[PDB]
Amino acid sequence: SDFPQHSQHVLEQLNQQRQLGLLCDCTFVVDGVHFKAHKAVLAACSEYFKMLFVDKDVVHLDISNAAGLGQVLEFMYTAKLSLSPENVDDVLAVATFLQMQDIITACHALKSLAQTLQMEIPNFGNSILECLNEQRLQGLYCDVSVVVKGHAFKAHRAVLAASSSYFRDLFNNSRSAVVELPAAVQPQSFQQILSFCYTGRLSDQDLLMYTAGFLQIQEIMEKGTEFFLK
């Protein structure tokens, strides 16, 4: 069975982690403002960032508008952009540096013209989650392994924390890169859980629930609604 809001909930959590500083792994400082973010989301949104990361502790970028950076980030984390003649140049200079062709063409359009322009990339959640899964299957940006009876599972701290309060609480307090789970947890069970965290699809039903409870993955308990029409 599928959990059709799962992706969205993950993106909203990843976004909230950002706005509070929690569980991020990189930071932009510009004009005194700090913006924390996750490499894996940046790279899933932008070929520029992906390429930048194949190369360094620190890198200098030729962006100087903070509000602009702030909105490109917001877009990457919510799939919404609202362009006005108040902000269009800001955004444009940032999108131009990052070679984000979408945002650029949209800025050019608005500018060719009171003029407002909203964009929304449909099913963004889904797309981003798919990229995070793919990254995960190759060890890209994974900053933790979860060991279950000798089997290591690579993953992203931030994604696990998006679905599990156990992992949210653990990673907010410790920075250890290896994590063992209680002996009751089986590899097949954690597997299914891991797949659900990364895909929104779930397929012993008791041990799975036990494991979900220990991880405090509340969304798995949402069974939906049966509507009997007679």
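Residue indices: 1-based, along the sequence shown.
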{"property": "Chain break class for residue 55 to residue 56, judged by how many deposited residues have no coordinates", "result": "1 to 3"}
{"property": "Residues of the deposited sequence that sit between residue 114 and residue 113 yet are not modelled", "result": "10 or more"}
{"property": "Which of 71 to 79 and 104 to 112 has higher mean CA B factor, as the PDB entry lists it", "result": "104 to 112"}
{"property": "Per the entry, higher mean C-alpha B factor between 29 to 37 and 175 to 183", "result": "175 to 183"}
{"property": "Per the PDB entry, maximal CA B factor within 131, 121, 93, 159", "result": "121"}
{"property": "Assigned third (lowest, middle, highest) for the C-alpha B factor of residue 50", "result": "middle"}
{"property": "Residue 84 CA temperature factor, ranked by third within the chain", "result": "highest"}
{"property": "CA B-factor placement of residue 208, once the chain's modelled residues are sorted into thirds", "result": "middle"}
{"property": "Third assignment of residue 202 from its chain's C-alpha B-factors", "result": "highest"}
{"property": "Third of chain Cα B-factors occupied by residue 126", "result": "middle"}
